[PDB]
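Labels below follow one simple rule: chain letters A, B, ... track the order of the sequence lines, proteins then strands, and each chain is numbered from 1. Heavy atoms only: backbone and side chains are in, while hydrogens, waters and symmetry mates are out.
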Amino acid sequence: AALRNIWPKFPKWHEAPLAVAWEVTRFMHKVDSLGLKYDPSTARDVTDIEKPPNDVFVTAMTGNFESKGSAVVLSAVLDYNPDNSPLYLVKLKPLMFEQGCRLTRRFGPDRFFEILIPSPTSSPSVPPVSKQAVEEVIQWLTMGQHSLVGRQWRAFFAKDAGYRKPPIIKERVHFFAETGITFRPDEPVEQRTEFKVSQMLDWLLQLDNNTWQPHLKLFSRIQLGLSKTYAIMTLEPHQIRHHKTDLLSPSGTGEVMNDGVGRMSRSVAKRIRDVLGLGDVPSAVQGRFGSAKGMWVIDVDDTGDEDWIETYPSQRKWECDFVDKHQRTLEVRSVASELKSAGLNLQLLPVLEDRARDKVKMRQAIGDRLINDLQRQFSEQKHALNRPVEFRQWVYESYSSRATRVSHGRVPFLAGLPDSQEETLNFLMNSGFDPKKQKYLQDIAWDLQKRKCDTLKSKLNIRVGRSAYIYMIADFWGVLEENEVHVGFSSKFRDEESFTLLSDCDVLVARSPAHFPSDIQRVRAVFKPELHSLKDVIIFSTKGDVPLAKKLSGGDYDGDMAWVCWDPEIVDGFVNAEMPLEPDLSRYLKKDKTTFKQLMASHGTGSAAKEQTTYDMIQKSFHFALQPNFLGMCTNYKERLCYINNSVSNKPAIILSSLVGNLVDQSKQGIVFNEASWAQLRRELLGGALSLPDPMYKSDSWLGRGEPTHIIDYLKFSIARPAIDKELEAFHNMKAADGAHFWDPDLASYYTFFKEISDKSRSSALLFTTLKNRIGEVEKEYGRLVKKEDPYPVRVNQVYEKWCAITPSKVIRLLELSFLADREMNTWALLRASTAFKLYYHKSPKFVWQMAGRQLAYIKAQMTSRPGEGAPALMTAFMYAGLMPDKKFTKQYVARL
Amino acid sequence: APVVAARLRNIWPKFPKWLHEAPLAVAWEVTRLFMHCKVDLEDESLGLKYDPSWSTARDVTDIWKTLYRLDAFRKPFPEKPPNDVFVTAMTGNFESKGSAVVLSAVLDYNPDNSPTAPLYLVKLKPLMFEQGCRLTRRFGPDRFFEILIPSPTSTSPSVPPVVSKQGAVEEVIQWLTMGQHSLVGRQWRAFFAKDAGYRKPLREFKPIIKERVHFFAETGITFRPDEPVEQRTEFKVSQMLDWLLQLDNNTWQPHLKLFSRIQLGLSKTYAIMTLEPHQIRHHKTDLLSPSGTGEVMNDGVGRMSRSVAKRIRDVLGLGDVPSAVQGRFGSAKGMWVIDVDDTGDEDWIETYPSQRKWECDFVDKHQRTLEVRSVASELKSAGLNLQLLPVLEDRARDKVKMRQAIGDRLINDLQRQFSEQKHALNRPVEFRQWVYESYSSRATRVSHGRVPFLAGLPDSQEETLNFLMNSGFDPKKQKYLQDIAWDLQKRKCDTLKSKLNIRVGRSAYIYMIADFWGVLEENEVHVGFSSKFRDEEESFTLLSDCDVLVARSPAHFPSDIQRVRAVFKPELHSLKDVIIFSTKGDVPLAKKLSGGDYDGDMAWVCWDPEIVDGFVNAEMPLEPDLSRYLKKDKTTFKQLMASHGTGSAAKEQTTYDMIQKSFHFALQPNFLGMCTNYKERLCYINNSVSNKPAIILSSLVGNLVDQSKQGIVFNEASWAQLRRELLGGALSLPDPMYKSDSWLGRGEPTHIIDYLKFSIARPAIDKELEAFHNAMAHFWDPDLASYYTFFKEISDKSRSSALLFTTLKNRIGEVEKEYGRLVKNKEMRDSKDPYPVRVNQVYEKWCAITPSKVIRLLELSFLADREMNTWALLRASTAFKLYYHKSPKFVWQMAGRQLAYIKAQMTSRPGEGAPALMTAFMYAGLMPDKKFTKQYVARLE
DNA sequence: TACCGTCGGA
RNA sequence: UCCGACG
DNA sequence: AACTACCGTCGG
RNA sequence: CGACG
Ligand SMILES: [Ca+2]
Ligand SMILES: [Ca+2]
Ligand SMILES: [Ca+2]
Ligand SMILES: [Ca+2]
Ligand SMILES: [Mg+2]
Ligand SMILES: [Mg+2]
């Protein structure tokens, strides 16, 4: 309680633009009758007054916190303050641009403030102040306004942000600015009318027509207003087709067959392409529209050019009138785009094996694939090392630097070589060095492969080229039969056969996470020309008793993606399983069903009652949301117990699958599940208080007895590790080495050159001896500071600074080339590198290459040039970074040779 | 004409006794030098003897160096064979990885008209690689020799009199075919000839029609009477042809048609695999029309097993398995498509009668080897051409509409291609990406193992643009780079206004195939792509539920473009990058397309709705009977043999008769060109491709393309008579106005081509070039003068340095003046020395400019490539200082390389990254990263 | 004054 | 442009 | 002390 | 880290 002054105080020193106030307050970095005064508001860069970029600042000052659909964000991080004298330390983050949302577009980003705060229901770090208290924290966040940068902030939403480092579990809480110093009673940022959270929520959800909803679920729908989305277009009432019924089963079971998905007209789809700047028209988008959320797919039957969209009951999360423009605006979160290979995750393996007709054969196949994959990998690197052009291509494919190059506009350099080992190899190879000839490169290439082996031991990867995660859609047009799916691609899906569609074959579909044996299903891919224009989506039938998506771990067509696999080896043994009869767990899982109406009865009728009920929902929902979550604990418990049983289909496996199936829906479903319910369910149905071990596959080595038997144990320890160990032993054998050597007669060329001049001139000899000596001093400082585990980059740079200081008559002017702004590009730099190489190449080779790699590459390129054999090119750092190896050149050139 | 016969006795270079020991590659390349340097190979004054070193040479320069020691050879050496070729000729038995070493010569008429002078001058070409063929694989590339020779029936004014005024044609033909020709130790006998078109005479020795003639080496000094290239067995041309054609079983064929099938043995192909007899299904009947017309519906195409397709992918290194290949297999020629019904794993192929061009037993393994000429591969956008436009207008439901559209399309296509280059020009990273996507240099880079240079810059203008931007030059700040981009665009505009190749995004040229499986109804076609076919608005992986136009070039009849319905059949989904026509109906759709079929024909396929939707199909034309003018010589091989009798001697004589008779037939003047041009002019002046004269001439040229294969005789008199009796007289029509570069007509253009070129293309091109010229910069760049400044300051305080600096200055103007004479002089534009040779001579003079510690420090003599020393930097800088405005082309072409070096040196900034000095080879293996260009620009904006 | 279209430069 | 195939 | 916190998809 | 299921 005495939680009475957590936020920074606002002084009357109170007329500053909101952006100016927050950035000035950001002083916190820490000064509390000094003559502080309001300097003369029109700044366009923060430096003029951990830094907000100017573009953000201009939009904050002049753009009303909005630009290109991006909103400036008032985000803050709160962490427990160490001192425990009679709580949190606020750290207002820099102003940043984040994608906007319905609520910020309708009321203004400046009126929204988001914080990351430690959960009060959490852990040793939690201060004793643990001895209380949660009600007091929740009251602090909800019951009252919060003053900050001259605005009164009220809380209206909370969501789990997960474990965060000050590690503890932190909540994201959202606040709305209801009033302020610049605010007006009953629009620019400064001239803002005062609006209560209760009205802001009533605008979004139209509570008067939704009091029948469980308030917990209603509260969860607030997330639609905060969904970060691209505003595409606004549609007119006569352009919106609200259906009053979903597509239902033809078998009369009553099941909804298009849960979450509707059609849009082809023109609407075109506007999406135009607004988002997309190479083609998207077949389907994940979006929001009024109360509706889910997927929209092009009506392949739309021949006109008129804009329209439909909604369905399964999509509309609350009764909406769709009157306000912002409730009629199509909002896209993502579009169905070109697919990539998915591989096979380990959760799928137990179910795949559980459903195999021949478990021994299915195991044998997965293992033979992995052995074939690892053997290919090891063999390809060995072949690549033989030729620089081939090794450059392999080194480029193993690690991606484009992100690092784009952010820097160049390959970043530490001292005389690029930061990364893979860039050091390519850079040095581009200058003519050979890994099989220059030991320095040989060693580097040895590290990377040795580190690559260590990455394989840690993580088991079964990669299947013929798999992909794909948005799921339902078949509005009735062309697909119950067990048929349609899959066409927007481009070539490449597997070392290639595909543009799937036709006349079986496929597996699943959703991750898969738990029940039926959470994977085998189906027949049939390409229907009627659907040819829908690409990068998989289309399920709308016939049959139950929608196929429902079978995929309770899936639907509202944004769900399916794992789709058409690898014939993985598919052919699979035997479908009926959906499981889920046990009754109500003894352990209590559902709070209280409706908004029931909440209101406590207060009466009319605006005053409704507003009270609304702030009630918020506080109660905050309590629920802050209750410790057990999804992860129970998921891990299931993994450990199913491992022990080697079963995913027996009685405890179904129980745990049903349990975790309800723990994901916890916020929307109002499911209560505390520590005591977990202890009771374990005691009565599982292994009681016993703490379960971790599966053996969770460590790098087989620490068990006898040969591994669990499929994941078998693949990681009986297939993968022995193969990896065989390559490592081959690599360890190195000892064997007509070999790679540090010495390169090319790199001493400048040294020998200047030695001949020095022998005939005393004046030049003195400069040479000085140079030789100063280099010696720096090599001793490298031994001192580099060979000292303050940080390693800093220490290398420290020597590099001393190295670059080694500086030098027509001879001096020709050596120094003063007109060059970058002294590392003059002839003295070459000479220094050559002389250092000559004197320290065998004693201390890393010093020479780390200090002078850059110039050694220059010397090498110069020396290996041959008259009339083409021209070496001197690339600028920027232009060098934008180039990549040409895969076709390597294959074509290698074939010729 | 025995005066011609006199000048036809010492045409080939003599093979001296001192070179008999030489391997053929030696004899060839040694002979080439003697011929190029004007030294007599039997000159006794030189004391010539075989150098034993030549037998082990791995570089031709090593052999020629020995000759250049002699004073007689000390003129620039002739173009040299690449080293891998030469080694292959010396130790590889003339074959490497499916490539054959080729022996070729070019002949031109001797300008000397002495009665005793050689009629022709010979230039042996350097050994080279070309793809092999069945005949070179079966008998060895070293036994084949091909020449280009002037056609003795040429009527050009340039023909000497000894032939033009004389029995000369009969004497030349007899020279070619009567007996063996001695050359490099071997006896060569002609066995095939084909038209090689109009060729300019070599400068070393007015276009003339030349023939390509192929000789087989029947024997030679090292040959053995009845393998390595040197130990070869005697073999007669008559026998080699019998091996190819199995003449005993083909005497029923017209001998001229039989002769034309020799091309199948010479077709350049990749040998894939050899199938066993039991894997080969010879069909006795083609797929026939279901309506009983007898018409063949799969003319030239058959099925292969899925495993055969896989082997093709493997052997050729393809990304995926190709649905269809163009190939040869024994006597069969045509297309083979994967059997979509094949689920086994057994190798097999099938042949049809329409594919088999002679009766072949398929016993020999070389007659059982699938050979691939080409595969159906990823498609690209096509465009219109001058032949389609009049037919598209003829068939248009609204001529005025289509006319106005085609034009407005040309206009918008020009605007997008100018607007994309103008945006890209604003940032160097973006222009580089645009230049890289503009052209393809991968092929050249892979062959030379680097970017080839001419003097101080890459040869390509595209490579030069990127090479100089890679060193930091901006194309909006340096005029030399702007000028290069300008010239490049002009050239493309010139091509548009000359060829009117209007781009149509939704169009492609696609191999045609027939539907073996009966799923396509008549007038339905199936098109699936192997990957996304992009068009700015829409992208495609297949075509479904739309109308398409299909056509073949040459298109002449109104019905040579056909509008049909694209229907995607899931049964055929695995056949990609081909267009499949129906095998139902009375006539195969392929036949309607200028008489086409499925043996390698490609169709122009258009699915652009604005172009498709106005088109109205025409019915097939009522063709005239032209037998009065086109006379087919149908003489069979059997009939030829009756002149001689039966048995092996008779057959051998008949075979050589076929050859000589077919040479005479092949050397007769061809009228395809004249009659096609006549049709163009007539249809132009009438502005009609559908009236009676248009149909007659379309039917005529339709017959003359088939000429050599059909035995059609059509002489000058018959052309005249044909024009007289059917076409209103033997006239000489005006050239269309669009043949000229500016509008020479009166008033507004009337013909659609005139309209598009002169009303649309020309004004728009001048408009774009006006706005492109306004969206763009100086020659000067202070950075490039940094070294020049640096050294004036030194040489302002040193007399010795100043003397050096002045000699450099003076000698640069010396070479500059030489550049203005050899390259700049418009007079030198035509000279025996071509542009590259003239540049190099100036470059050599430039590189000859050459510099005590200051000299050592400038020279860096330990560097093997003096062009990388600091001197080369000072030289380029000074030259730039002096001539950046007066002679920009000179500075950049001589010193561009070092200028690039100085620029990258000067623009480097401390701690702002490191410039990278790439090796020439490593530089050529890199390509722009499109994903980097887009990611970086987005961060910038 | 004697053709056009598709590919490729081993 | 030149050279080499092909339709 | 010692129990004990999930999978997948895209982007950055 | 940032969204999303
Ligand atoms: Ca869902
Ligand atoms: Ca749902
Ligand atoms: Ca043909
Ligand atoms: Ca044919
Ligand atoms: Mg659901
Ligand atoms: Mg034909």
Atom-pair distance ([atom1] on [X]; [atom2] on [N]), nearest Å:
{"X": "A:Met561", "N": "E:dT9", "atom1": "CE", "atom2": "P", "answer": "9 Å"}
{"X": "A:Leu656", "N": "E:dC6", "atom1": "CG", "atom2": "P", "answer": "16 Å"}
{"X": "B:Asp599", "N": "D:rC6", "atom1": "CG", "atom2": "P", "answer": "12 Å"}

Quiz item: How far, in whole Å, is F:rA3 from E:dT4 if one measures between their P atoms?
Solution: 31 Å
Quiz prompt | Distance, P atom - from D:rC3 to C:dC3, rounded to whole angstrom | solution = 15 Å
Any side-chain N or O of [X] below 4.0 angstrom from OP1/OP2 of [N]?
{"X": "B:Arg328", "N": "D:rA5", "result": "no"}
{"X": "B:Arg681", "N": "C:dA2", "result": "yes"}
{"X": "B:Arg212", "N": "D:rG4", "result": "yes"}
{"X": "B:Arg199", "N": "D:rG4", "result": "yes"}

Quiz item: Excluding sequence neighbours, so at least two apart, what forms side chain to side chain contact (heavy atoms under 4.5 Å, CB included) with A:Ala510?
Solution: A:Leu348, A:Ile520, A:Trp563
Self-check item: Partner residues of A:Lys698 under the side chain to side chain contact (heavy atoms under 4.5 Å, CB included) criterion, sequence neighbours left out
Solution: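 For A:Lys698 the side chain to side chain contact (heavy atoms under 4.5 Å, CB included) partners, ignoring immediate neighbours, are A:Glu639, A:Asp694, A:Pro695.
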Quiz item: Based on the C1'-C2'-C3'-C4' dihedral, does C:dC3 have a north or a south sugar?
Solution: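 Pucker of C:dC3: north.
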Practice problem: Check the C1'-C2'-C3'-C4' sign on C:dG9 and let me know if the sugar comes out north or south. | Solution: south
Sugar-phosphate, base or nothing in reach of [X], heavy atoms under 4.0 Å:
{"X": "A:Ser337", "answer": "nothing"}
{"X": "B:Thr444", "answer": "nothing"}
{"X": "B:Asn670", "answer": "base"}
{"X": "A:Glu338", "answer": "nothing"}
{"X": "B:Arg939", "answer": "nothing"}
{"X": "A:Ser691", "answer": "sugar-phosphate"}
{"X": "B:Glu716", "answer": "nothing"}
{"X": "B:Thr676", "answer": "sugar-phosphate"}
{"X": "B:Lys380", "answer": "sugar-phosphate"}

Quiz prompt | Watson-Crick or G-U wobble mate for D:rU1, both contacts under 3.5 Å | solution =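 Answer to the pairing question: none, since D:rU1 forms no Watson-Crick or G-U pair.
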Quiz item: Counting only Watson-Crick or G-U wobble pairs whose two distances fall under 3.5 Å, which nucleotide matches E:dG11?
Solution: F:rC1
Quiz prompt | Exercise: do A:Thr229 and A:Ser227 side chains pair donor with acceptor under 3.5 Å | solution = no
Practice problem: Go through D:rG4, F:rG2, C:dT6 for me and flag the one nearest to the B:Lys268 side chain. | Solution: D:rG4
Quiz item: If you check the A:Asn636 side chain, which of E:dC6, C:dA10, E:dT4 turns out closest?
Solution: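 Among E:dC6, C:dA10, E:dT4, the one nearest the side chain of A:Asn636 is E:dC6.
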Exercise. Would you mind reporting whether B:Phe94 and B:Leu103 have side-chain heavy atoms less than 4.5 Å apart?
Key: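 Of all side-chain heavy-atom pairs linking B:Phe94 with B:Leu103, at least one is under 4.5 Å.
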Quiz item: Taking for each residue the nucleotide of DNA chain C with the nearest heavy atom, is it B:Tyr678 or B:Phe129 whose nucleotide lies nearer the 5' end?
Solution: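 The answer here is B:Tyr678.
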Practice problem: Take B:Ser104 and B:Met128, measure what side chain to side chain contact (heavy atoms under 4.5 Å, CB included) needs, and give me the verdict at the end. | Solution: CA-CA 9 Å; B:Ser104 50; B:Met128 44 181 314; 4.2 Å; yes
Self-check item: Step-by-step side-chain hydrogen bond (donor to acceptor under 3.5 Å, both in side chains) determination, B:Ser151 to B:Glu211
Solution: CA-CA 6 Å; B:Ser151 184; B:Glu211 286 275 331; 4.8 Å; no
